[PDB]
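Residue numbers (the authors' numbering), protein chains in the order written: chain C, 54 to 312; chain L, 2 to 159; chain Y, 1 to 134. Using N, Cα and C, we set each Cβ at its ideal position, and we do this for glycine too. Taking it in order: structure first as structure tokens, then the write-up.
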Amino acid sequence: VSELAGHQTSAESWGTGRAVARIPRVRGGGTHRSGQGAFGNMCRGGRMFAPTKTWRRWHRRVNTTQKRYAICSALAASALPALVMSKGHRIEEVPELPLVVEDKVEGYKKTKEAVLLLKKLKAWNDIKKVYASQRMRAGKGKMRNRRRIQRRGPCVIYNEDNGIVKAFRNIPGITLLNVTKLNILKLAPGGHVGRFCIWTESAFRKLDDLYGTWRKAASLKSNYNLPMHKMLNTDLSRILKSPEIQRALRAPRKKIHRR
Amino acid sequence: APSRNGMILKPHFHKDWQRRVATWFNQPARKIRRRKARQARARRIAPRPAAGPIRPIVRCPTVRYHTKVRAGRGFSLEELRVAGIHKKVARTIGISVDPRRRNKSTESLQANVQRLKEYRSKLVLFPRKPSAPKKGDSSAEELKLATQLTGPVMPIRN
Amino acid sequence: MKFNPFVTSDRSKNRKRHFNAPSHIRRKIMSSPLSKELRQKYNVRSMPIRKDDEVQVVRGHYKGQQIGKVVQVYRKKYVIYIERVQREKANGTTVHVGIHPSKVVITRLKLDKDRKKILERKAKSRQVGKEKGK
RNA sequence: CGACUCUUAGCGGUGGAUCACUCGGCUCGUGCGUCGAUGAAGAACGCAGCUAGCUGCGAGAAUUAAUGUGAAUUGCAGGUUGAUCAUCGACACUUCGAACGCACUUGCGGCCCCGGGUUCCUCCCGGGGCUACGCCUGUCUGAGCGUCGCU
RNA sequence: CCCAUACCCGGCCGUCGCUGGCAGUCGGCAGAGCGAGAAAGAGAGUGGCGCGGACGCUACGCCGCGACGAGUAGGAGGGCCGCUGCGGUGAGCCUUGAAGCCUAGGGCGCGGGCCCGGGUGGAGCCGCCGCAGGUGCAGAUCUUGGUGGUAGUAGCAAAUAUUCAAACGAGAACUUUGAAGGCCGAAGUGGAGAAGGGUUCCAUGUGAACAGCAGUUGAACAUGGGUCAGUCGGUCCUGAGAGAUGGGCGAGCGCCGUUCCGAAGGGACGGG
RNA sequence: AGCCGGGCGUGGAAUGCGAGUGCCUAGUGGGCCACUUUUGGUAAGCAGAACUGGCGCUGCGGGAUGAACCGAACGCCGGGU
RNA sequence: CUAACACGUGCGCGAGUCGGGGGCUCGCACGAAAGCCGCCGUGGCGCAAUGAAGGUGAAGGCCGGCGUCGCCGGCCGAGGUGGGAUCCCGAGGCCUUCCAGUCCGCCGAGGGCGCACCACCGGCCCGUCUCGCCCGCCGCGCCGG
RNA sequence: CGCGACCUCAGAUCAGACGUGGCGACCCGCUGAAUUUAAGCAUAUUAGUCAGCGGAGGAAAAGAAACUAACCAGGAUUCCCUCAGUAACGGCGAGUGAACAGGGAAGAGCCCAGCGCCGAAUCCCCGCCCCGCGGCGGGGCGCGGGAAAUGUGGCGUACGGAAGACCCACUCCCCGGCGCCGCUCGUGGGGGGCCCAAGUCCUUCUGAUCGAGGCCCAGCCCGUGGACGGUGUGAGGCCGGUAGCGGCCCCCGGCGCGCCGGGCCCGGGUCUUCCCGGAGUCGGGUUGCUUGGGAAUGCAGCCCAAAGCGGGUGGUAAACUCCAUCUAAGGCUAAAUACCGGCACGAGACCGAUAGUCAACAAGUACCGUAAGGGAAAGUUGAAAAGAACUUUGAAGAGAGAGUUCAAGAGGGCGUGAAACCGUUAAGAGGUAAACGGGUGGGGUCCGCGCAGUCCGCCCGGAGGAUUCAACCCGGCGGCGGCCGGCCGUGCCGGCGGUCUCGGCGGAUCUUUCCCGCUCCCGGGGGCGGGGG
Ligand SMILES: [Mg+2]
Ligand SMILES: [Mg+2]
Ligand SMILES: [Mg+2]
Ligand SMILES: [Mg+2]
Ligand SMILES: [Mg+2]
Ligand SMILES: [Mg+2]
Ligand SMILES: [Mg+2]
Ligand SMILES: [Mg+2]
Ligand SMILES: [Mg+2]
Ligand SMILES: [Mg+2]
Ligand SMILES: [Mg+2]
Ligand SMILES: [Mg+2]
Ligand SMILES: [Mg+2]
Ligand SMILES: [Mg+2]
Ligand SMILES: [Mg+2]
Ligand SMILES: [Mg+2]
Ligand SMILES: [Mg+2]
Ligand SMILES: [Mg+2]
Ligand SMILES: [Mg+2]
Ligand SMILES: [Mg+2]
Ligand SMILES: [Mg+2]
Ligand SMILES: [Mg+2]
Ligand SMILES: [Mg+2]
Ligand SMILES: [Mg+2]
Ligand SMILES: [Mg+2]
Ligand SMILES: [Mg+2]
Ligand SMILES: [Mg+2]
Ligand SMILES: [Mg+2]
Ligand SMILES: [Mg+2]
Ligand SMILES: [Mg+2]
Ligand SMILES: [Mg+2]
Ligand SMILES: [Mg+2]
Ligand SMILES: [Mg+2]
Ligand SMILES: [Mg+2]
Ligand SMILES: [Mg+2]
Ligand SMILES: [Mg+2]
Ligand SMILES: [Mg+2]
Ligand SMILES: [Mg+2]
Ligand SMILES: [Mg+2]
Ligand SMILES: [Mg+2]
Ligand SMILES: [Mg+2]
Ligand SMILES: [Mg+2]
Ligand SMILES: [Mg+2]
Ligand SMILES: [Mg+2]
Ligand SMILES: [Mg+2]
Ligand SMILES: [Mg+2]
Ligand SMILES: [Mg+2]
Ligand SMILES: [Mg+2]
Ligand SMILES: [Mg+2]
Ligand SMILES: [Mg+2]
Ligand SMILES: [Mg+2]
Ligand SMILES: [Mg+2]
Ligand SMILES: [Mg+2]
Ligand SMILES: [Mg+2]
Ligand SMILES: [Mg+2]
Ligand SMILES: [Mg+2]
Ligand SMILES: [Mg+2]
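Below, the structure is given as structure tokens:
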């Protein structure tokens with residue numbers, strides 16, 4: 054709010070006597086706005102309580118290692134069919150969700166070629182879902198240039214821009230990303246992990262140079278390696294149903310003893 | 002009033018500090034503008050180094066840093082004279098020159114002389130008149146391979 | 001999606017410009033499409049409406065197959081009046097009912113020298129655009 | 001039973017809440033970054049066929065010229081060699097106002113040049129151009145028992 | 001013999017404790033147990049037909065036993081309580097009717113609240129996972145706006161006074177005319193000005209609002225008109241005083257000073 | 001006196017009960033009443049202390065009424081006493 | 001709401017950690033975002049304390065070489081007592097025709113190694129006090145240890 | 001006395017110029033408080049802040065050391081990070097509080113006086129001629145005037161400079177006019193104007209469609225265009241637009257090229273000789289203010305008042321003594337930096353008519369005050385006025401019919417239309433004010449769309465009807481397991497291993513077999529930097 058909103062007037066309290074509520078009042082004059090109560094959050098007009106200041110802490114900083122960890126987690130979760138489907142993406146016809154196409158699509162120039170490629174790869178159902186989801190936003194966001202809302206569609210990861218961006222630019226819901234400049238804000242829309250992604254061959258090749266393997270550090274980054282696993286074998290069903298642990302167990306008491 | 006236990010603090014907010022507050026909401030725009038100006042000047046000076054004139058080797062003047070080596074303000078007149086460079090011509094051919102710096106030692110002087118000789122050996126000088134070259138000039142064939150170089154010229158290494 | 005930084009997408013700004021555009025911008029705004037025959041003949045899709053072109057009404061209570069000559073164009077009210085669309089008020093006098101040009105299609109144009117200059121310019125620009133698109 | 005009072009509901013008043021709209025604000029950023037004696041900012045008074053306000057304009061007064069555009073403006077009348085809009089480089093721009101002949105009543109002048117009286121012979125009437133302070137360079141006219149030189 | 005929210009028995013809610021139990025849903029590839037007073041193997045081995053069997057287990061879940069439950073100031077936890085906006089998601093809802101509002105209708109939850117039915121309404125709205133806040137009112141002689149009882153009440157009582165007839169008009173105690181009776185009583189309730197007001201002046205018309213009753217009337221409203229100067233004043237003079245220049249002071253806008261530290265006359269008879 | 005090594009468990013009164021330890025911390029810093037003890041005062045529903053319990057922070061049955069007395073302290077209900 | 005501090009909690013890395021300022025990324029719907037710098041870690045905090053300051057600056061335990069060793073080697077290595085969750089061992093002990101005789105697993109007297117942590121006793125570093133002797137030399141001194 | 005110079009000082013409506021005032025967000029120079037904190041209060045703090053005065057620009061100011069340091073030394077100003085809440089100041093209380101170094105953004109250096117040398121070699125103005133003249137300039141001619149020796153111009157300034165001699169180099173740079181060609185960062189500079197894709201297709205809701213369904217096998221058409229706005233709800237394809245190194249036209253600029261005219265005669269090294277600096281200023285005393293600056297950081301008044309191997313600084317006063325570092329008392333200078341005013345724009349996790357600016361509207365308006373000044377309330381018919389013709393009662397306001405509209409349950413302060421409060425209708429009740437908790441009872445409005453009362457398996461019996469079960473054959477698919485191959489390992493071992501090199505990355509491991517360049521040494525010996533192994 055403005056630094057001088059509500060303080061533009063000159064008002065003093067009438068004080069004790071006069072049988073009034075002892076608050077500053079607009080002084081003098083033959084006007085409705087005279088002796089009405091100027092300052093204070095409780096008055097009509099006048100100042101707000103604790104006016105909002107422009108020097109609020111708007112921005113936050115996150116550790117680079119934490120950002121890289123989040124990116125790695127999002128990338129790993131994008132490869133699991135259960136998580137991608139639970140994100141809502143329609144991929145029941147997709148031949149293989151770590152979808153990789155050759156670098157020829159990197160040179161597409163017309164939107165029709167991109168649409169045909171999506172139809173061939175059977176990802177057009179997600180675009181149809183986005184089209185169906187296109188609706189009108191609820192609330193006061195309409196009168197603030199946020200008139201229309203729609204669902205997120207698939208992501209396309211490329212390596213060089215050779216008209217790829219122009220080709221997939223107009224299709225609603227498609228998000229284009231360079232393989233060397235991924236961001237979590239678009240890799241995990243919403244904070245939820247598991248967005249549907251389509252890779253090109255060059256980007257897929259460059260992935261392990263970008264983030265390094267378990268025994269090889271990342272070549273493109275100064276010194277980075279994949280985060281260590283807290284637990285390797287996360288198959289709890291096995292970990293219980295294996296003979297060497299079942300042997301060292303007491304008999305399961307499972308008879309109820311009611312009052 | 003003091004609580005149970007803690008640190009005594011002296012916040013320096015007893016003035017009208019809220020009137021003099023420098024918000025940094027124009028930081029990205031400032032960075033963009035500085036960049037644009039940088040590239041504009043780099044294009045303006047077509048084959049010349051983008052960083053600017055070469056600079057000299059200096060030692061940091063303190064017990065804390067005297068083991069390190071900086072980039073100085075400019076070459077001094079003793080070094081220019083013993084390297085055979087005129088003080089007026091050095092500035093126009095790309096050597097930063099200042100007259101304030103002395104030379105107490107000889108190792109630094111010799112190092113900077115070597116630097117200036119290397120710079121002379123490395124630079125390519127375009128004709129003063131594009132049609133007719135002159136004696137103190139570079140031949141035509143290597144002009145075709147003259148390009149701007151990024152970063153400081155012959156960067157300082159410890 | 002708009003990428004030009006010097007053109008706004010703000011709703012209030014656009015509405016303000018639309019509702020306080022001067023008359024020579026109103027002429028541009030109130031343009032209506034040509035019929036299929038005219039479009040194929042002139043290789044032009046839309047034309048600003050003039051005083052005495054005739055019209056087919058496509059949408060509204062008065063949609064039909066009647067060719068109607070425009071009587072006058074009220075740019076202040078963003079409206080045109082057609083000599084056939086009209087209604088009688090209480091006293092019995094008949095008044096024209098406003099129709100927006102966007103819901104209007106020209107049957108044939110009034111071929112003035114400026115009109116044919118505009119048509120030829122539009123056709124030439126469209127044809128060169130298509131040739132570049134080749 | 002009737003009147004009166006109380007409670008609940010329907011309807012009707014009173015009132016203008018809520019909700020939904022928004023040519024308005026607030027905040028951040030970007031480029032530029034330009035007033036005036038060739039008369040500024042501000043104020044006053046006037047200007048439309050029908051006009052009070054707001055807006056625009058200045059006795060050429062809701063505007064002239066020029067250029068672009070190309071058939072309207074509109075609340076009612078009236079009347080393409082370019083209506084209306086926009087741009088704006090030509091022209092014009094009343095009285096106060098640093099405000100400038102002197103003062104602030106719009107009072108009183110002075111000088112020069114024109115047109116009426118005259119037929120310049122002077123008045124009188126009208127019109128036009130000058131008439132502020134400080135200061136710089138130069139010009140002219142001066143002052144001094146100031147310093148001198150010839151008689 | 002009577003009865004408390006005390007005590008005993010029972011049901012239900014919740015809290016705490018047992019840091020209790022359950023991955024054993026081990027099935028024609030199987031054999032259905034680990035409640036039973038006694039620390040520990042239904043231990044493994046070598047020699048003398050009909051194809052069949054409920055529920056479970058959002059493990060942040062489900063299940064079993066006991067004990068307990070007051071509360072201001074204050075502390076903590078959970079809210080599938082509520083409001084507004086943002087990122088996701090509901091192939092969500094909606095002109096075959098959204099938001100909002102009303103209801104003697106049907107219900108849910110201990111509660112915050114919520115879900116349906118009916119009516120009005122006419123264009124947007126909500127559920128879930130996160131994010132953010134100008135996020136919940138009974139009070140503050142709280143702020144703004146609106147409305148009551150009081151109440152058809154107080155009151156429309158300072159300066160003697162009105163009556164008759166007619167006209168106009170829907171309409172007359174209040175207008176107009178005529179008659180009568182009164183008052184002001186020349187230091188006036190008369191006739192003219194200054195200051196101030198600024199069209200209130202005049203004619204015609206209207207009766208919505210105003211003139212604290214009413215009005216055919218008005219200083220109200222609406223259309224139009226109206227101020228004529230050599231001699232009447234301003235304009236000129238100076239008074240008490242105000243105020244430039246010269247000068248002085250002053251960081252400075254400026255101030256002092258009015259003849260005081262000034263080369264202060266731009267005029268004239270006449271003669272050349 | 002301190003060190004080492006070795007041997008002795010009938011855990012050496014009753015009763016009851018898990019215990020120890022560390023951070024951070026709000027509110028409070030006007031009190032009042034009663035049996036008993038007690039100081040000043042003629043005395044007071046006065047002023048001032050000690051111990052314990054209450055009221056304040058607390059509802060319920062009784063004392064007709066009631067901040068403190070007697071009984072008894074509280075989740076929502078049925079039966080009994 | 002901003003800043004500071006303290007403590008508790010969640011996450012990443014870890015004797016390190018952190019680009020906040022700057023720069024590179026065809027600047028620009030989102031994007032004023034995001035990515036990268038590593039010879040951009042300057043720098044901050046931490047890794048060392050103490051003293052006013054000049055300054056100094058964090059173990060030692062056993063054998064052979066001259067116990068009434070001067071003093072070189074061989075070594076071994078960052079204390080000791082008590083209490084200590086867990087782990088190791090284990091006298092004995094866990095069944096069925098008998099009998100010989102095993103395997104595997106559970107029990108368990110006593111006995112070990114003892115985490116963190118607490119208490120206590122020693123040891124080391126800096127300031128200061130008392131006592132006393134010895135050693136080193138480029139300059140043998142109001143020197144240094 | 002007169003005449004004539006010069007000096008000093010006047011007068012002009014003399015010729016030609018210049019200043020005033022405004023805005024004031026940012027900047028510079030002064031002046032400059034008290035609220036407040038200290039739990040009182042006077043020093044302190046607020047604060048060199050508010051208020052007051054003056055002066056500018058597009059930025060201002062500062063600025064090329066009379067500097068920092070004490071190191072193996074750095075090197076104008078400005079800005080950011082850090083130094084650092086530190087050194088320090090402080091009734092040493094409350095509180096206040098820098099700088100150097102280091103990393104960056106940017107980066108640019110120069111000119112006088114003096115000392116001297118050149119015949120004042122200099123400058124301004126009037127008249128005529130030639131060029132273009134809307135930023136009054138260039139060339140020539142004037143026995144034209146003036147300034148200036150009480151000092152204009154060239155050389156020249158602390159980084160030294162000048163002159164002479166000897167060697168070496170030895171000329172295209174700038175300006176005033178004129179024309180030409182091309183280019184203009186991301187896209188070719190800027191500005192303006194005019195244009196450039198695709199459904200109103202077939203049915204169906206509606207008052208109106210932008211809604212719903214469909215449009216084959218080219219899954220309607222475009223798409224480098226699916227931002228937004230308008231149009232009778234809700235629109236990629238109706239219209240404006242949007243995207244596009246898209247098109248056309250006009251104007252201005254900047255960069256290069258050429259022509260004419262004008263100025264310019266210019267440099268480097270060695271040797272010899274000369275020369276070189278800013279005064280009522282520094283500095284000292286005192287007083288007052290200021291600063292973190294403390295036996296005085298800075299500024300100012302007064303008094304005293306300099307020197308030239310001098311002077312200033314070296315953060316504790318003083319004397320002696322060596323070192324270090326600059327050269328004061330004259331001047332100019334862009335960039336990085338600041339910007340709540342102005343012009344023109346873009347955006348938003350902001351507000352949504354008691355909110356957001358006081359002001360969404362004829363708002364600094366109405367209105368109040370003598371004045372300084374104070375200062376509101378106020379948005380919404382409807383898609384379209386289609387804004388209710390006409391009849392009738394009344395003097396009229398105001399009604400009843402009629403009509404428009406999807407709707408007057410939208411009738412000109414008209415979207416929605418709450419509560420308080422009021423009128424009327426219906427029901428019920430009424431002498432302890434009303435209202436309230438617990439427990440029932442009675443009467444009501446509505447609801448169950450109640451009113452012969454559940455369904456579900458497995459059988460038993462009876463009446464039926466099917467292209468009918470089991471078992472086999474054929475084909476396909478899946479699950480599980482054991483032979484042939486394949487893949488992976490956050491596993492190990494080996495090889496003569498690897499595009500030329502016989503792979504890359506790294507190493508505070510080496511390299512009198514290494515090589516290259518540089519410096520020292522009289523083609524030779526040693527060291528340093530890089531390359532190689
Ligand atoms: Mg406000
Ligand atoms: Mg809402
Ligand atoms: Mg406290
Ligand atoms: Mg465009
Ligand atoms: Mg009612
Ligand atoms: Mg007018
Ligand atoms: Mg014109
Ligand atoms: Mg025209
Ligand atoms: Mg007067
Ligand atoms: Mg019980
Ligand atoms: Mg409780
Ligand atoms: Mg009700
Ligand atoms: Mg609407
Ligand atoms: Mg908000
Ligand atoms: Mg209230
Ligand atoms: Mg009465
Ligand atoms: Mg009178
Ligand atoms: Mg009279
Ligand atoms: Mg009258
Ligand atoms: Mg009345
Ligand atoms: Mg007369
Ligand atoms: Mg005066
Ligand atoms: Mg007492
Ligand atoms: Mg208690
Ligand atoms: Mg009690
Ligand atoms: Mg009693
Ligand atoms: Mg009972
Ligand atoms: Mg604390
Ligand atoms: Mg106080
Ligand atoms: Mg006080
Ligand atoms: Mg003080
Ligand atoms: Mg001060
Ligand atoms: Mg000020
Ligand atoms: Mg000024
Ligand atoms: Mg200016
Ligand atoms: Mg300057
Ligand atoms: Mg200098
Ligand atoms: Mg510096
Ligand atoms: Mg620190
Ligand atoms: Mg003290
Ligand atoms: Mg201070
Ligand atoms: Mg520094
Ligand atoms: Mg730099
Ligand atoms: Mg000279
Ligand atoms: Mg459709
Ligand atoms: Mg179009
Ligand atoms: Mg001070
Ligand atoms: Mg000293
Ligand atoms: Mg000097
Ligand atoms: Mg200087
Ligand atoms: Mg300067
Ligand atoms: Mg943006
Ligand atoms: Mg409202
Ligand atoms: Mg309304
Ligand atoms: Mg309706
Ligand atoms: Mg209404
Ligand atoms: Mg009744």
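Proximity of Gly75/L and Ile58/L at Cβ, strictly below 8 Å: no
Which value, in whole angstroms, describes the spacing of the CA atoms of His15/L and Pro48/L? 56 Å
Distance, Cα to Cα, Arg129/L vs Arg34/L? 34 Å
Going by the beta-carbon positions, is the gap between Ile217/C and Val158/C smaller than 8 Å? yes
Mark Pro148/C as exposed unless 16 or more other C-beta atoms lie within 10 angstroms of its C-beta, in which case mark it buried. exposed
Does the beta-carbon distance from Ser9/Y to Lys2/Y come in below 8 Å? yes
Is it buried or exposed for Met30/Y, if we count other Cβ within 10 angstroms and need 16 for buried? buried
Taking all protein chains shown into account, decide if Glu119/L is buried (16 or more other Cβ within 10 angstroms of its Cβ) or exposed. exposed
Which value, in whole angstroms, describes the spacing of the CA atoms of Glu37/Y and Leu119/Y? 14 Å
Three-state secondary structure (DSSP) at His18/Y? helix
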